[PDB]
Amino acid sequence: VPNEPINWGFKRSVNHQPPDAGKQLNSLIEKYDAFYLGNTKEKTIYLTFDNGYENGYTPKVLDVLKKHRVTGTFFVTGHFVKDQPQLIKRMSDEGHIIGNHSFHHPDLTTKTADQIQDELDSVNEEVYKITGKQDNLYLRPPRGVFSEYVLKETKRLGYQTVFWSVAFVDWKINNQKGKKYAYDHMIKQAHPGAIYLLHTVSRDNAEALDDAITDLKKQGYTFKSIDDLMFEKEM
């Protein structure tokens, strides 16, 4: 502790400049193994995904990523892994990183270290049953909610907490706005070192991603993985 609830958030990117979470959050972030940006000194973008359930487009998103030769980092829940073992196997077989979004997607600030440990390990246990493998440990808190206690405890458990610097509403099933909506957000919020957080449940999201990668590459951006991000910063 302190175990005061905190929701990851920030004023969105403007002018294609990296957003800032605030002196307050930045401090807590650094204090532990957690980040929301990659290398802001180069024109690089890191794509990450939160996967809690499937709505039919993840296969196309994987096809798109393969086509553009980009490595995604998919933060999955226990329900997602159990409902979609084959997509999980594709993520692994196709070179992507599988991140941890906890088994039951609970608010971790309401959990004991003991519970936290089981919430995270059980996801890897299930992924391993499927893939026979295990990626470096990355955590994206369910609901984007954390606290100093959660950061400390998950860090003590070996996890690197990954937040984001680009996100928009591509998760409302009752109001799926379409291709343009998502594409424009991806183009407009683009900035050096950006860590995108995308979902794969909304209509035309794979097509929007396809176009955004084509156009962002044309703009001079290189897309790297979260492992790349970790290895490079460690250099």
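Numbers follow the displayed sequence, beginning with 1.
As the entry records it, the average C-alpha temperature factor is higher for 29 to 37, out of 66 to 74 and 29 to 37.
Comparing 200 to 208 with 39 to 47, the higher mean C-alpha B-factor in the PDB entry belongs to 39 to 47. The PDB entry assigns the greatest CA B-factor among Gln115, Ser165, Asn136, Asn100 to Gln115. In the PDB entry, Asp121 places in the middle third of its chain by CA B-factor. Ranked against the other modelled residues of its chain, the C-alpha B-factor of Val127 as given in the entry falls in the middle third. Among the modelled residues of the chain, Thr161 sits in the middle third by CA temperature factor in this PDB entry. Compared with the other modelled residues of the chain, the Cα B-factor recorded for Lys152 ranks in the highest third. For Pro106, the recorded CA B-factor ranks within the highest third of the chain. Only modelled residues enter the ranking.
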